[PDB]
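We begin with a single chain expressed as structure tokens, specifically the form deposited in one PDB entry.
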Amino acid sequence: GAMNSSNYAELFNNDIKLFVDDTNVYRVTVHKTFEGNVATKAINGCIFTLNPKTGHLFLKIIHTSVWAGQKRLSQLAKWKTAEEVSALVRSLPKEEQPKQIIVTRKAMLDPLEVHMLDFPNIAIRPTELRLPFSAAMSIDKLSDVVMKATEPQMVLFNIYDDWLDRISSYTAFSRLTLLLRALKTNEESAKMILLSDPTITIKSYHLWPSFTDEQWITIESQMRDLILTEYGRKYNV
């Protein structure tokens, strides 16, 4: 059934599972036409498919050409997402295929269920947590590869960099979610925190800066303050 605050710890067990977030698949800018009507222009998007135990991210880039001449794009986007996730599963060796796929939005359930009929033993689950994977395009290297794509492409990342050498997947996921929750609430301030100190760099093969354990504690705390700050600015508390 649904993953929630009671059973979220199943994320860090040894049954392979993937999260699928479709919130950045169909992206548009809305603008005025010369006649003063409104129109959309699509921009490149991505499926965010993540193993929370290992950090492996399967970033499928959605090039704007997939929308050409299609109608009802917001509906199509969910079915395209499910088509690509099914193709990914089929591409993986049997022992790497997931036992469960958790979708972050319930509107993905039927599209993914239908595309996965050939995989009756893979459980398709919703979740009651309102997670922040929409902010994935606030990670500079992920946004850069999406915008630069000129054709459909799959790019593989580890979204935890090398953190699992020092912390557990529970703690690593805790660190990733906190970072994403803050880029989503105040991207400018969040990125200021992450790069304020020019002596801490991002390795070429990494997504986040190379903080020591003690600096991550400081960073974590500054992210805990920002979220709360913005919460007060929003609600006036």
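Numbers follow the displayed sequence, beginning with 1. Basically, rigid core = biggest C-alpha set you can superpose within 1.5 Å across the two forms.
Stretches 15 to 23 and 213 to 221 differ in mean CA B factor, with 213 to 221 having the higher one. When the C-alpha B-factors of 199 to 207 and 42 to 50 are averaged, 199 to 207 comes out higher. Which of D144, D161, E128, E96 has the largest Cα B-factor in the deposited entry comes down to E128. Comparing C-alpha B-factors across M192, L57, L180, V66 in the deposited entry, the largest value falls on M192. In the PDB entry, a CA B factor belonging to the highest third of its chain's modelled residues is recorded for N121. Among all modelled residues in its chain, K80 ranks in the lowest third by Cα B-factor. When the modelled residues of the chain are ordered by C-alpha B-factor, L176 sits in the lowest third. Placement of the Cα temperature factor of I61 within the chain: lowest third of the modelled residues, per the deposited record.
What comes next is about the form solved in complex with a partner chain, which is not displayed.
The listed set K53, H206, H63, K191 contains one residue whose heavy atoms approach the partner chain in the entry with it bound to within 4.5 Å, identified as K191. Interface residue among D162, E96, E128, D140 relative to the partner chain in the entry with it bound, by the heavy atom within 4.5 Å criterion: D140.
Candidate site formed by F34, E187 and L195: every one of these residues places a non-hydrogen atom within 4.5 angstroms of the partner chain in the entry with it bound. Residues of just one listed stretch (164 to 172, 195 to 203, 53 to 61, 208 to 216) have heavy atoms within 4.5 Å of the partner chain in the entry with it bound: 195 to 203. Relative to the superposed core, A68 undergoes a Cα shift smaller than 2 Å between the shown form and the other one. Annotation for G36: C-alpha shift of 2 angstroms or more between the shown form and the other one, rigid core superposed.
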